[PDB]
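Visitor: First, the structure itself, so that you have it in front of you.
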RNA sequence: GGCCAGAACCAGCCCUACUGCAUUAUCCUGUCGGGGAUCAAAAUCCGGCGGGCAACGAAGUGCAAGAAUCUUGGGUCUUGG
RNA sequence: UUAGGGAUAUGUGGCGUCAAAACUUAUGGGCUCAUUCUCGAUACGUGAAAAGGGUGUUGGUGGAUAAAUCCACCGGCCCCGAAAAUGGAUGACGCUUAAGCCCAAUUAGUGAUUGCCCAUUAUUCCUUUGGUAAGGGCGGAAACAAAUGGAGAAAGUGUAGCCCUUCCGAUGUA
RNA sequence: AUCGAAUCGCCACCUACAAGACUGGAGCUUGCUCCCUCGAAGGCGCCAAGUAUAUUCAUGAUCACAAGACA
Ligand SMILES: [K+]
Ligand SMILES: [K+]
Ligand SMILES: [K+]
Ligand SMILES: [K+]
Ligand SMILES: [K+]
Ligand SMILES: [Mg+2]
Ligand SMILES: [Mg+2]
Ligand SMILES: [Mg+2]
Ligand SMILES: [Mg+2]
Ligand SMILES: [Mg+2]
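Residue numbers (PDB author numbering), protein chains in the order written: chain LR, 2 to 179; chain LF, 18 to 114, 144 to 195; chain LH, 2 to 222; chain Lg, 49 to 144; chain LK, 3 to 171.
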């Protein structure tokens, strides 16, 4: 399945005024389901970092960043999440994926599964494609083997939806109720 | 272009063309295979006569909604089909109350003779002759919605 | 059950031959109890007549001791004022399956009671069921596709034999005899099956070549 | 429940795309009464006279993703005694 | 049997819009996903496939991980894996399934005629063989009954009883 | 016939098909240098430098207004003829 | 949020059976095994639980040492803490390649942006009723026996409402 | 014997059995190669008992429970 998060580059600034005739222009990296959430995250970051509110600023661009050609790569994702008891916890993880958006979506799913963290309590600090020899975790390093192979065992193979049946003869493919 | 009041007006689908072999879905000869000859004027019913020698279907009129027009066709241009008019199937009204008229038997005999010859002349004529003798039935496990006709 | 003399005389008078309704026989060996029960309950509500055999080989997830303790907790429930007319705790695997299916049905309506009465359950495959026709399975409810193989499971017959089921050995002996008889008959008739296979092979050399061409086009030759 | 619309499950129709093929087809519930009453061709075809009766309807739309169809019967609802019973889905009005 | 998921392994797509199509594994992303490409198929460009949607085949061409399209084409052509696969019975079954799916009413009638003719000639061959060496129920029963019938019909009372009640027919 | 049923056509609705415009570059190539891993490689990776449309069944990104008339879609026992 | 009926959409809530809907969806990702109040699964509703612990498993963070180790420290789910009186309640069954939990889809790296099911809600159609209702017509238009197109037409609060067209509202204790 | 019914696949090739971390068979290299019957069909049935040279079908008049049902 394609990733549920998209790579957005949000470029914006504060609205020029008499105190600030030439405001600084900020570029922002976000992974969001849509550009509305992308702009919301951009303005949250501008408010909590540069003391600029969305009501006193404007957005020069909210474009998407196209993914590179699909290649099996190792992606280092530096990410952070908030919990009430633990405060802010920052971690760095390695993922095997074909795209930056895919790796970041995998990271979001992993954080939700293992730490019960939702999208709005997670800040992605960085995502980058690292070489094979810089991978630290063995769970990711095990896919660097030049001759890597394995059989598919314990596979629940379902029939095509048009050919699925309720009652099938015991040792034949004949369907009794379908 | 053709005026709705004119007898030459049809909205019949493309599949129910003259010469097409059609499965009869309802009526006495259900499941049989017939040959579509013409459509009666004023957007009337189709006229099918799968040669009565083959399947027993006489020259009959059938609604196009009770027939599956297949992609298999037979060249009808050699068959007259002109004597089959709407007045052939009209009957006198009874007053305060198998046998076939000689005109209807003659029309069937002449049409079927030219219809059988058109099948023989056609390539795969012996296969299509036996195709019309076959009977269509819905079997256990059949999925006509997935089929191509 | 046993036919009335009126029914027998009426059948003779009408002269109709023997009749058997459309009954689906399900080999319940290595099937998940709840999933098979849900599928069978829906099919029974959809007007099907269903016989289920080998109910002693149904599977439940978890340890046999855990499921035994679950059944003992079930057995703990009884009407204190009058245990007779309280819950009735059946120990046979077919009775367990029938209770499970009944709990998936509206058992307090006439429609639900007809659906429940449309079901027949057995231990093993009885003689009146052996030769009726090919048994069927429920792919949605088979253990080898429903259970992680590393997890333990229990067999319904083994679980039931330790809560008060007396006929485990009887069913085992009858099933052993049935399999021996069926294996003997299958060792026989092998000549007939091979003769039919050879006849099908030899027909290809005597039927018309264009018919063989159609058979090869559609994958039957 | 709303008895004006009925749910019909046809054999080998297990997808919504399959159930869309039958939209508009005629539907029949065949049963019998206790006495022989009037029928079509009561005089033309006396062989048709029987305790056999039929209620007709049409397929209106599919129901769900699993090939069910909604059916509306002519003028009146189908009896609740027909639930779990056989229904005939005819191949007409043909569109092919 | 079970063929390993390796770089170069030929797979068939189980379900989806690419079903019944044959591709070659060119890279392994993780435990769940692989990269599949087939230069000889129009719709089989380099794409990501979940490992639940592939069926490993017995053929495995010699390529490296993340191989180029030209290298994949050369390896496929040299190994002749597609030509070898086309000769199997499951590939022919897939093609026959497609033909049956696209078949018309006339084609269905033709197939029915072919199957009926094969059944008729199988019946004739079986009857010929069974007349010589009995395998059917009726022929085995006749073989069993023949000796007893010959013994019990050779008696004079039997013979006279036959003659007398045959002369009346 | 003021009954029952089926097909035709009208009008109005209600569903579906059929898609163009703008974007892309953290991208696409080639080639050098590194770096990597191998039996040797290749690749993942990082720099230069030269190109450039990953290209319309490219992209799951913005917005789409495409007369179901051409080109007899479907439905209306959900309307009236 | 409520005139009385249809169609089509939704909302909250759902799609293993009961029970409509994934005939147990995906060609999505992880986590979890729980032996007698029997793991868990509905907010509100501690409408059941802590302090404290676990060499259960799987994730982080900072050290250390060198074939990879081991040291403290934080999550996640599970377990221990955790005892009441009729037999009993995730809702019943059951579920554990979940039918549990966290996240994410909508037919799945194929080619875009509405899976499906349920309201006295929305949109629309028909009818009623009542308006702080809005308009038209109302000087018989000419003609026109039967045997063999027709009727009616009231200057009007309220009627079988003078007729026609239009719009909007309609639940309710005292 | 009322009684008219609803129901619309036959089999004497399915109607034995087991397994999915497998269940065509080898090899050793243990995930590849090789061989095979090539690992994705229970058999029939569907209108000439069989694939051709046939042959009766109407007026049951265009839908109606198939107006019939020992396959
Ligand atoms: K007791
Ligand atoms: K109609
Ligand atoms: K899952
Ligand atoms: K009014
Ligand atoms: K008045
Ligand atoms: Mg609705
Ligand atoms: Mg349901
Ligand atoms: Mg008035
Ligand atoms: Mg009031
Ligand atoms: Mg009848």
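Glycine included, every Cβ here is placed at the ideal spot set by N, Cα and C.
Does the pairing of the region 40-59 of chain LF with the region 173-184 of chain LF give three or more beta-carbon distances under 8 Å?
Guide: Segments in contact, yes.
Visitor: How big is the Cα-Cα spacing for residue 110/LH and residue 18/LH?
Guide: Sequence index remark: in the third chain, residue 110/LH carries index 109 (1-based). Sequence index remark: in the third chain, residue 18/LH carries index 17 (1-based). Taking the straight line joining both Cα atoms gives about 34 Å.
Visitor: Interface residues of chain LK around residue 207/LH at Cβ under 8 Å?
Guide: Numbered from 1 along the third chain, position 206 holds the residue referred to as residue 207/LH. Ordered by position in chain LK, the residues that pass the 8 Å Cβ test against residue 207/LH are 123, 126, 127.
Visitor: Distance, Cα to Cα, residue 112/LK vs residue 136/LK?
Guide: Against the fifth chain, residue 112/LK aligns to sequence position 110. Against the fifth chain, residue 136/LK aligns to sequence position 134. Their backbone Cα atoms lie some 34 Å apart in a straight line.
Visitor: Using Cβ-Cβ distances below 7 Å, what residues of the region 147-159 of chain LR are close to chain LH?
Guide: Listed by position along the chain: 155, 157.
Visitor: Residue 142/Lg CB to nearest chain LF CB: under 8 Å?
Guide: The residue given as residue 142/Lg occupies position 94 in the fourth chain. With 8 Å as the cut-off, residue 142/Lg counts as an interface residue toward chain LF.
Visitor: If you measure between the beta carbons of residue 67/LF and residue 153/LF, is that distance less than 8 Å?
Guide: Counting from 1 along the second chain, the entry for residue 67/LF is found at position 50. Counting from 1 along the second chain, the entry for residue 153/LF is found at position 107. Contact: no.
Visitor: When we look at the beta-carbon of residue 139/LK and count the other beta-carbons within 10 Å, is it buried (16 or more) or exposed?
Guide: Looking up residue 139/LK in the fifth chain gives position 137. Exposed is the call here.
Visitor: In three-state DSSP terms, what is residue 130/LK?
Guide: One-based indexing of the fifth chain puts residue 130/LK at position 128. Residue 130/LK falls in the helix class under three-state DSSP.
Visitor: Look at residue 49/LH and residue 25/LH and say whether their C-beta atoms are less than 8 Å apart.
Guide: Translated into the one-based positions of the third chain, residue 49/LH becomes position 48. Translated into the one-based positions of the third chain, residue 25/LH becomes position 24. Contact flag set, yes.
Visitor: May I have a chain-ordered list of the beta strand (DSSP E) segments no shorter than 3 residues that lie completely inside the region 33-81 of chain LK?
Guide: Complete beta strand (DSSP E) runs here, min 3: 35-39, 49-52, 56-62.
Visitor: From the DSSP output, read off the bridge partner residues of residue 77/LR.
Guide: Within the first chain, numbered from 1, the residue matching residue 77/LR stands at position 76. Bridge partners of residue 77/LR: 95/LR, 129/LR.
Visitor: Does the distance between the C-beta of residue 92/LK and the nearest non-hydrogen atom of ligand 10 fall short of 7 Å?
Guide: Your numbering for residue 92/LK matches position 90 in the fifth chain. Residue 92/LK: no, Cβ never under 7 Å from ligand 10.
Visitor: Is the shortest distance between the beta-carbon of residue 96/LK and the beta-carbons of chain LF less than 8 Å?
Guide: Taking the fifth chain and counting its residues from 1, one reaches residue 96/LK at position 94. Not closer than 8 Å to any Cβ of chain LF, the Cβ of residue 96/LK fails to qualify, so no.
Visitor: Does any C-beta atom of chain LR lie closer than 8 Å to the C-beta of residue 150/LH?
Guide: Indexing the third chain from 1 puts residue 150/LH at position 149. Taking Cβ atoms only, chain LR reaches closer than 8 Å to residue 150/LH, which makes this a yes.
Visitor: Using 8 Å as the limit for Cβ to Cβ distance, is residue 170/LR near chain LH?
Guide: Position 169 of the first chain, counted from the first residue, corresponds to residue 170/LR. For residue 170/LR, the answer is yes, since a Cβ of chain LH falls inside 8 Å of its Cβ.
Visitor: Assess, as a yes-or-no matter, whether the region 182-195 of chain LH is touched by the region 60-75 of chain LH under the definition of 3 or more beta carbon pairs within less than 8 Å.
Guide: The region 60-75 of chain LH is not in contact with the region 182-195 of chain LH.
Visitor: If you drop the 5 nearest sequence neighbours on each side, which residues of the same chain put their C-beta closer than 8 Å to that of residue 64/LH?
Guide: Position 63 of the third chain, counted from the start, is the residue given in the question as residue 64/LH. Closer than 8 Å at Cβ, skipping near neighbours: 153, 155.
Visitor: I believe residue 61/LR touches residue 26/LR by the beta-carbon criterion, under 8 Å. Please report the beta-carbon distance rounded to the nearest angstrom.
Guide: Taking the first residue of the first chain as position 1, residue 61/LR is located at position 60. Taking the first residue of the first chain as position 1, residue 26/LR is located at position 25. Confirmed, about 7 Å.
Visitor: Here's the rule I'm using: 16 or more other beta-carbon atoms within 10 Å means buried, otherwise exposed. How should residue 57/LH be labelled?
Guide: Residue numbering aside, residue 57/LH sits at position 56 when the third chain is read from its first letter. Buried, because 16 or more other Cβ atoms sit within 10 Å of the Cβ of residue 57/LH.
Visitor: Can you pull the chain LK residues whose beta carbon is under 7 Å from the beta carbon of residue 204/LH, in chain order?
Guide: In the third chain, counting from the first residue as 1, residue 204/LH sits at position 203. Those within 7 Å of residue 204/LH in chain LK are 120, 123, 124, 127.
Visitor: Need the endpoints of the beta strand (DSSP E) that residue 38/LF sits in, please.
Guide: Looking up residue 38/LF in the second chain gives position 21. Here the beta strand (DSSP E) through residue 38/LF covers 37-41.
Visitor: In whole angstroms, what is the alpha-carbon distance linking residue 92/LR and residue 73/LR?
Guide: Here the question's residue 92/LR lines up with position 91 in the first chain. Here the question's residue 73/LR lines up with position 72 in the first chain. One C-alpha to the other measures close to 23 Å.
Visitor: Quick one, which of 78/Lg, 105/Lg, 73/Lg has its alpha-carbon nearest residue 52/Lg's?
Guide: On the fourth chain, residue 52/Lg is found 4 positions in, with the first residue counted as 1. The option with the nearest alpha carbon to residue 52/Lg is 105/Lg.
Visitor: At which residues does the alpha helix (DSSP H) containing residue 80/Lg begin and terminate?
Guide: In the fourth chain, residue 80/Lg corresponds to position 32, counting from 1. Here residue 80/Lg belongs to no alpha helix (DSSP H); instead the beta strand (DSSP E) covers 74-80.
Visitor: Find out if the Cβ-Cβ distance for the pair residue 89/LR, residue 112/LR is shorter than 8 Å.
Guide: Working through the first chain from its first residue, we reach residue 89/LR at position 88. Working through the first chain from its first residue, we reach residue 112/LR at position 111. Contact: no.
Visitor: Look at the alpha carbon of residue 49/LK and the alpha carbon of residue 38/LK, and state the distance between them as a whole number of angstroms.
Guide: Walking along the fifth chain from the start, residue 49/LK turns up at place 47. Walking along the fifth chain from the start, residue 38/LK turns up at place 36. So the two alpha carbons sit approximately 6 Å from each other.
Visitor: Using a C-beta cutoff of 8 Å, does residue 72/LR count as contacting chain LK?
Guide: The residue you call residue 72/LR lines up with position 71 of the first chain. At least one chain LK Cβ lies under 8 Å of residue 72/LR.
Visitor: With a cut-off of 8 Å, do at least 3 Cβ pairs link the region 117-131 of chain Lg to the region 60-76 of chain LF?
Guide: Short answer: they don't touch.
Visitor: Could you check how far apart the C-beta atoms of residue 96/LK and residue 22/LK are, in whole angstroms? I think they sit under 8 Å.
Guide: Here residue 96/LK refers to the residue found at position 94 when the fifth chain is read from its first residue. Here residue 22/LK refers to the residue found at position 20 when the fifth chain is read from its first residue. Correct: roughly 5 Å between the Cβ atoms.
Visitor: When the Cα atoms are used, what is the spatial distance from residue 165/LF to residue 20/LF?
Guide: By 1-based counting over the second chain, the position of residue 165/LF is 119. By 1-based counting over the second chain, the position of residue 20/LF is 3. If I take the Cα positions, the gap works out to 35 Å.
Visitor: Tell me whether residue 113/Lg is buried or exposed, calling it buried when 16 or more other Cβ atoms sit within 10 Å of its Cβ.
Guide: Looking up residue 113/Lg in the fourth chain gives position 65. Looking at its Cβ environment, which holds fewer than 16 other Cβ atoms inside 10 Å, residue 113/Lg is exposed.
Visitor: Should the region 79-86 of chain Lg be called in touch with the region 7-19 of chain LK, which here means at least 3 C-beta pairs below 8 Å?
Guide: No, the region 79-86 of chain Lg does not touch the region 7-19 of chain LK.
Visitor: Less than 6 Å between C-beta atoms, sequence neighbours within five positions excluded: which residues of the same chain meet that for residue 14/LK?
Guide: The residue you call residue 14/LK lines up with position 12 of the fifth chain. Excluding positions up to five away in sequence, the list reads 24, 57.
Visitor: Looking at chain LK, is there any beta carbon in it that lies within less than 8 Å of the beta carbon of residue 27/LR?
Guide: Translated into positions along the first chain, residue 27/LR becomes position 26. Not one chain LK Cβ lies under 8 Å of residue 27/LR.
Visitor: Which residues of chain LR have a Cβ atom closer than 8 Å to the Cβ of residue 193/Lg, listed in chain order?
Guide: Here chain Lg has residues from 49 to 144 only, and residue 193/Lg is not among them.
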